[PDB]
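Asks: Please see the structure below; I have some questions.
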Amino acid sequence: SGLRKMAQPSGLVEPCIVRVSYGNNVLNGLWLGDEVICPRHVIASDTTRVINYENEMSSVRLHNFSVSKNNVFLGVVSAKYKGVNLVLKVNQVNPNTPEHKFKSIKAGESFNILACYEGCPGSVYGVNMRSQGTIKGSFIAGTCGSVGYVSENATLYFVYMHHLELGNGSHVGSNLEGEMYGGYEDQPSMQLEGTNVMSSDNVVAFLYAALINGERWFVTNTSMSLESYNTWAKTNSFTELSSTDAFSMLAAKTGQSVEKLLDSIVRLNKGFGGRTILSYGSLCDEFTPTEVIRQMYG
Amino acid sequence: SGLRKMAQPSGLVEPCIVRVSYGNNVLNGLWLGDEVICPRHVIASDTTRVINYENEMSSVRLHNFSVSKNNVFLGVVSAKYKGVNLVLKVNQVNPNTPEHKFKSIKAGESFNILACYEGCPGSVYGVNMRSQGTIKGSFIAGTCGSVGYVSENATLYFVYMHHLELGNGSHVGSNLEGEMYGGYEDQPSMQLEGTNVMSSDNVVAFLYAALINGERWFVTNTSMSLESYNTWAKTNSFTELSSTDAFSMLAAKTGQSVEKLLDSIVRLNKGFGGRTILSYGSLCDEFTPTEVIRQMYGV
Ligand SMILES: *C(=N)[C@H](C[C@@H]1CCNC1=O)NC(=O)[C@@H]1[C@@H]2[C@H](CN1C(=O)[C@@H](NS(C)(=O)=O)C(C)(C)C)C2(C)C
Ligand SMILES: *C(=N)[C@H](C[C@@H]1CCNC1=O)NC(=O)[C@@H]1[C@@H]2[C@H](CN1C(=O)[C@@H](NS(C)(=O)=O)C(C)(C)C)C2(C)C
């Protein structure tokens, strides 16, 4: 059964993806109602140098936009900035607009990515929000505007829109309100990502999933207290756990309390010694405790 | 730019999933036209012991069936075995039936699993068919009838329907014609999966994806001839490579010949030595050459 990333189904999101073109830039937009949200960098005359966005807005011609989906051409009637996103009002309303809210994702939380290639949905996969506000996915040219989403209790939330990839390979996007996650600039810059902080909540859930998979070599007879682990975590770029309550079910099923896995984290952070855990060679923090519980038990 | 096991979008498949129940057994079915296809063990009176399907079919009653989708219910007017699958005719044609075909999956090929629970699609993810006709899915209770599909050249193929989980954890399903992959029986028995043979085509593609993503510690000034690797492959449960021509473009982009990666495989098979390749601590044959080329370069 192992442990793998899953994506919630994409049915409600795909009919909202449109191809947005301006000049030499071709990417994706999110068509909801008569609005189309896209990364505002699409109207940049040159993405190899610093962009003055209000200068580009004052020189924008709505007749140069090309917003389409399949065989429907959407005429742009108004353009406005909203943060780092471009909000374009079109002459047609999306007949397949789903009931939806807008939500911001926090660090250590999982969501789904509908990877779209120049207006065409191509694939869908699950990601996780790193401490600095980035994610580790797979984006290439023409995939900006790809939408992140998550369904909670039958409520569809749009949470992410892709903008850029940093030099270290981390991927940077914004919420649908135009606020960039982690506060990164939407410029072709050399800006750095901070030091990454592993979510210890997720590493413990990852280690519980490995015990359910019959992988127990990393568990010894040594325990480590919560307080002592939290003192170790802040000097080793791990978050501190508030409590062990979230793992009550996983601990009873596997026969290992959180304190046993906390000791494993400290030992395995120095290297797996040549062995693997769920095919990984390092600690994985992309699975929340709720994810692991649902994937293993439903 | 990254490498992730991806699934194709599920929008054309979700409206075809239905809940299928009979007595105390509940699973998923595939609603196309006025036909619903499900695993036949939904009518088994006892999943605990060996099932006599001839007795179960003789004592079946159409009205004891219940197939439904979003509070709308379908009446079963006919039930028939087709291989290990039940084919039920219902009194309503699926208005969202997509243009589709049926197809079998070969070893080493990738397809998409739409995991479902009691007729409600829950998650979608990509899998790769292992050499013995199994997949390392994540099916748990109530996921029987979950549908595998693949989109090729704008043609939708239904390729998989979930049945059981072997004692070793591997997952066995059938195609949509009732033929179980790998020849396993739909019986609660201790069937043993054969020896897994790693797809060398997929491992090479995985290592090419690593080079594209900046991983290169596993390549040295060494390179292994194709025949020399194939002789090693038949000894260490790896597929033999007919040629290197499927990697012509990947070899040009990364400047690394297949032969250089062939020696990497032989060395890496003995362990990574504490190093990683795109988070992996072991070789992974879950990505085809076509998967990698498309994910890295768009195409
Ligand atoms: C959207 N269409 C792309 C997605 C990129 C392409 C490679 N991987 C991705 O995630 N975004 C951009 O093209 C984005 C646009 C221009 C430059 N840019 C980048 O992502 C660059 N990275 S960076 C932070 O060094 O500028 C690069 C080098 C193209 C990956 C702007 C930031 C406006
Ligand atoms: C469908 N609802 C299940 C899917 C299973 C549940 C656990 N993981 C899965 O993939 N199918 C069955 O329950 C299936 C039914 C009965 C026995 N069976 C199994 O998968 C069993 N495995 S085995 C090969 O030992 O019989 C088991 C013990 C439930 C996992 C039959 C084959 C009819």
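In the structure tokens, chains take letters A, B, ... by order of appearance, with residues numbered from 1 within each chain and ligands from 1 in the order shown.
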Hey, which residues come within 9 Å of ligand 1 if we count only C-alpha atoms and all ligand atoms? Could you give them as a VMD selection string?

Replies: (chain A and resid 25 to 28 39 to 42 44 46 to 51 117 to 118 137 to 146 162 to 167 169 to 173 184 to 192) or (chain B and resid 1 to 2)

Asks: Can you write out as CSV which residues of chain B fall within 6 Å of chain A, alongside each residue's closest atom pair and its distance in Å to one decimal, counting only C-alpha atoms and ordering rows by chain and ascending residue number?

Replies:
```
residue,atom,partner,partner_atom,distance
B:1,CA,A:138,CA,5.5
B:2,CA,A:138,CA,4.2
B:3,CA,A:138,CA,5.5
B:6,CA,A:125,CA,5.5
B:7,CA,A:123,CA,5.3
B:8,CA,A:123,CA,4.4
B:9,CA,A:123,CA,5.5
B:10,CA,A:10,CA,5.7
B:11,CA,A:11,CA,3.8
B:123,CA,A:8,CA,4.4
B:124,CA,A:7,CA,5.3
B:125,CA,A:6,CA,5.4
B:137,CA,A:1,CA,5.9
B:138,CA,A:1,CA,4.5
B:169,CA,A:1,CA,5.9
B:273,CA,A:274,CA,5.0
B:274,CA,A:274,CA,4.4
B:276,CA,A:281,CA,5.7
B:279,CA,A:280,CA,5.7
B:280,CA,A:280,CA,4.7
B:281,CA,A:281,CA,3.9
```

Asks: Could you pull out the helix (DSSP H, G or I) residues of range 198-256 of chain B from DSSP and send them as a ChimeraX atom specification?

Replies: /B:200-212,226-233,245-254

Asks: Leaving out range 90-102 of chain B and any residue of its chain fewer than 6 positions from it, which residues lie within 7 Å of it when counting only C-alpha atoms, given as a list in words?

Replies: residues 12, 15, 16, 31, 32, 33, 34, 35, 74, 75, 76, 77, 155, 156, 157, 158, 159 and 176 of chain B

Asks: Counting only C-alpha atoms and all ligand atoms, which residues of chain B sit at most 6 Å from some atom of ligand 2, and what is each one's closest atom pair with its distance in Å to one decimal, listed by chain and rising residue number, as JSON lines?

Replies:
```
{"residue": "B:27", "atom": "CA", "partner": "ligand 2", "partner_atom_place_in_ligand_line": "2 (N)", "distance": 5.8}
{"residue": "B:41", "atom": "CA", "partner": "ligand 2", "partner_atom_place_in_ligand_line": "33 (C)", "distance": 5.1}
{"residue": "B:47", "atom": "CA", "partner": "ligand 2", "partner_atom_place_in_ligand_line": "16 (C)", "distance": 5.0}
{"residue": "B:139", "atom": "CA", "partner": "ligand 2", "partner_atom_place_in_ligand_line": "10 (O)", "distance": 4.2}
{"residue": "B:140", "atom": "CA", "partner": "ligand 2", "partner_atom_place_in_ligand_line": "8 (N)", "distance": 3.9}
{"residue": "B:141", "atom": "CA", "partner": "ligand 2", "partner_atom_place_in_ligand_line": "6 (C)", "distance": 4.0}
{"residue": "B:142", "atom": "CA", "partner": "ligand 2", "partner_atom_place_in_ligand_line": "2 (N)", "distance": 3.8}
{"residue": "B:143", "atom": "CA", "partner": "ligand 2", "partner_atom_place_in_ligand_line": "2 (N)", "distance": 4.8}
{"residue": "B:144", "atom": "CA", "partner": "ligand 2", "partner_atom_place_in_ligand_line": "1 (C)", "distance": 3.6}
{"residue": "B:163", "atom": "CA", "partner": "ligand 2", "partner_atom_place_in_ligand_line": "11 (N)", "distance": 5.3}
{"residue": "B:164", "atom": "CA", "partner": "ligand 2", "partner_atom_place_in_ligand_line": "20 (O)", "distance": 3.3}
{"residue": "B:165", "atom": "CA", "partner": "ligand 2", "partner_atom_place_in_ligand_line": "20 (O)", "distance": 3.9}
{"residue": "B:166", "atom": "CA", "partner": "ligand 2", "partner_atom_place_in_ligand_line": "24 (C)", "distance": 3.8}
{"residue": "B:167", "atom": "CA", "partner": "ligand 2", "partner_atom_place_in_ligand_line": "25 (O)", "distance": 5.0}
{"residue": "B:171", "atom": "CA", "partner": "ligand 2", "partner_atom_place_in_ligand_line": "10 (O)", "distance": 5.8}
{"residue": "B:186", "atom": "CA", "partner": "ligand 2", "partner_atom_place_in_ligand_line": "32 (C)", "distance": 4.6}
{"residue": "B:187", "atom": "CA", "partner": "ligand 2", "partner_atom_place_in_ligand_line": "32 (C)", "distance": 4.3}
{"residue": "B:188", "atom": "CA", "partner": "ligand 2", "partner_atom_place_in_ligand_line": "26 (O)", "distance": 3.1}
{"residue": "B:189", "atom": "CA", "partner": "ligand 2", "partner_atom_place_in_ligand_line": "26 (O)", "distance": 4.8}
{"residue": "B:190", "atom": "CA", "partner": "ligand 2", "partner_atom_place_in_ligand_line": "25 (O)", "distance": 5.4}
```

Asks: Range 23-270 of chain B: which residues are strand (DSSP E) by DSSP, as a VMD selection string?

Replies: chain B and resid 25 to 32 35 to 39 65 to 69 72 to 74 76 to 82 85 to 90 101 to 102 110 to 117 120 to 128 147 to 152 155 to 165 171 to 174

Asks: Interatomic distance between CA of residue 277 in chain B and CA of residue 294 in chain A?

Replies: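 Atom-to-atom, CA of residue 277 in chain B and CA of residue 294 in chain A are spaced 28.3 Å apart.
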
Asks: Write out as number ranges by chain which residues come within 8 Å of residue 238 in chain B when counting only C-alpha atoms, dropping same-chain ones fewer than 3 positions away.

Replies: B: 197-200, 233-235

Asks: Which residues are close to range 218-229 of chain B, i.e. within 9 Å by only C-alpha atoms, leaving aside same-chain residues fewer than 4 positions away? Reply as a short mmCIF file (atom, residue, chain, number, x, y, z; two decimals) with N, CA, C and O atoms, in the first residue's frame.

Replies:
```cif
data_model
loop_
_atom_site.label_atom_id
_atom_site.label_comp_id
_atom_site.auth_asym_id
_atom_site.auth_seq_id
_atom_site.Cartn_x
_atom_site.Cartn_y
_atom_site.Cartn_z
N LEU B 207 16.63 8.25 -14.47
CA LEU B 207 17.96 8.85 -14.31
C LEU B 207 18.15 10.04 -15.24
O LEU B 207 18.87 10.99 -14.89
N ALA B 233 21.38 -7.66 -16.71
CA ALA B 233 19.96 -7.46 -16.42
C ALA B 233 19.24 -8.79 -16.20
O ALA B 233 18.45 -8.93 -15.25
N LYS B 234 19.49 -9.78 -17.06
CA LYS B 234 18.86 -11.08 -16.92
C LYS B 234 19.27 -11.81 -15.65
O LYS B 234 18.60 -12.78 -15.26
N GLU B 240 15.61 -6.38 -20.33
CA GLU B 240 16.64 -6.13 -21.32
C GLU B 240 16.20 -5.00 -22.25
O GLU B 240 15.03 -4.91 -22.62
N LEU B 241 17.15 -4.14 -22.61
CA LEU B 241 16.87 -3.02 -23.49
C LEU B 241 17.11 -3.45 -24.94
O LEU B 241 18.23 -3.83 -25.30
N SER B 242 16.06 -3.38 -25.75
CA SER B 242 16.19 -3.74 -27.16
C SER B 242 17.17 -2.82 -27.87
O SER B 242 17.95 -3.27 -28.72
N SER B 243 17.15 -1.54 -27.53
CA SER B 243 18.08 -0.56 -28.10
C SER B 243 18.05 0.68 -27.22
O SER B 243 17.37 0.73 -26.19
N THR B 244 18.79 1.70 -27.64
CA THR B 244 18.86 2.98 -26.93
C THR B 244 18.14 4.09 -27.68
O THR B 244 18.22 5.26 -27.27
N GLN B 256 24.56 12.98 -21.89
CA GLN B 256 24.93 11.71 -21.29
C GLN B 256 24.29 10.58 -22.10
O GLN B 256 23.06 10.53 -22.22
N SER B 257 25.12 9.70 -22.63
CA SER B 257 24.63 8.55 -23.37
C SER B 257 23.90 7.58 -22.44
O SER B 257 24.11 7.57 -21.22
N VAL B 258 23.04 6.75 -23.04
CA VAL B 258 22.37 5.69 -22.29
C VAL B 258 23.40 4.75 -21.67
O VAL B 258 23.24 4.30 -20.53
N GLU B 259 24.45 4.44 -22.42
CA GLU B 259 25.48 3.52 -21.94
C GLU B 259 26.10 4.01 -20.64
O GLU B 259 26.43 3.21 -19.76
N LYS B 260 26.25 5.33 -20.49
CA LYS B 260 26.75 5.88 -19.24
C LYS B 260 25.76 5.67 -18.10
O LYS B 260 26.16 5.43 -16.96
N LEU B 261 24.46 5.76 -18.40
CA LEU B 261 23.45 5.49 -17.38
C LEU B 261 23.28 4.00 -17.12
O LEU B 261 22.91 3.60 -16.02
N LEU B 262 23.54 3.17 -18.14
CA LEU B 262 23.49 1.72 -17.94
C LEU B 262 24.47 1.28 -16.86
O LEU B 262 24.14 0.44 -16.02
N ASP B 263 25.68 1.84 -16.87
CA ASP B 263 26.63 1.52 -15.81
C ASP B 263 26.21 2.12 -14.48
O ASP B 263 26.51 1.55 -13.42
N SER B 264 25.52 3.27 -14.51
CA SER B 264 24.98 3.83 -13.27
C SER B 264 24.00 2.87 -12.61
O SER B 264 24.03 2.68 -11.39
N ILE B 265 23.14 2.23 -13.41
CA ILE B 265 22.16 1.29 -12.86
C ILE B 265 22.86 0.14 -12.16
O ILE B 265 22.52 -0.22 -11.03
N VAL B 266 23.85 -0.46 -12.83
CA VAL B 266 24.57 -1.59 -12.25
C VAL B 266 25.23 -1.19 -10.94
O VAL B 266 25.27 -1.97 -9.98
N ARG B 267 25.76 0.03 -10.88
CA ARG B 267 26.38 0.50 -9.64
C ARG B 267 25.34 0.88 -8.60
O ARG B 267 25.48 0.54 -7.42
N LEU B 268 24.28 1.58 -9.02
CA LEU B 268 23.28 2.05 -8.07
C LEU B 268 22.45 0.91 -7.50
O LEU B 268 21.91 1.04 -6.39
N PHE B 272 22.57 3.15 -2.85
CA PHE B 272 22.91 4.54 -3.11
C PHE B 272 24.03 5.06 -2.21
O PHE B 272 24.55 6.14 -2.46
N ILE B 277 18.54 10.49 -5.11
CA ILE B 277 18.28 10.91 -6.48
C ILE B 277 16.83 11.38 -6.52
O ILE B 277 15.91 10.55 -6.58
#
```

Asks: Have a look at B:254, B:58, B:45, B:290 and name the one nearest to residue 212 in chain B; count only C-alpha atoms.

Replies: B:254

Asks: Of the residues A:57, A:92, A:75, A:179, which is the one nearest to residue 33 in chain A, using only C-alpha atoms?

Replies: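 Comparing A:57, A:92, A:75, A:179 against residue 33 in chain A, the winner is A:92.
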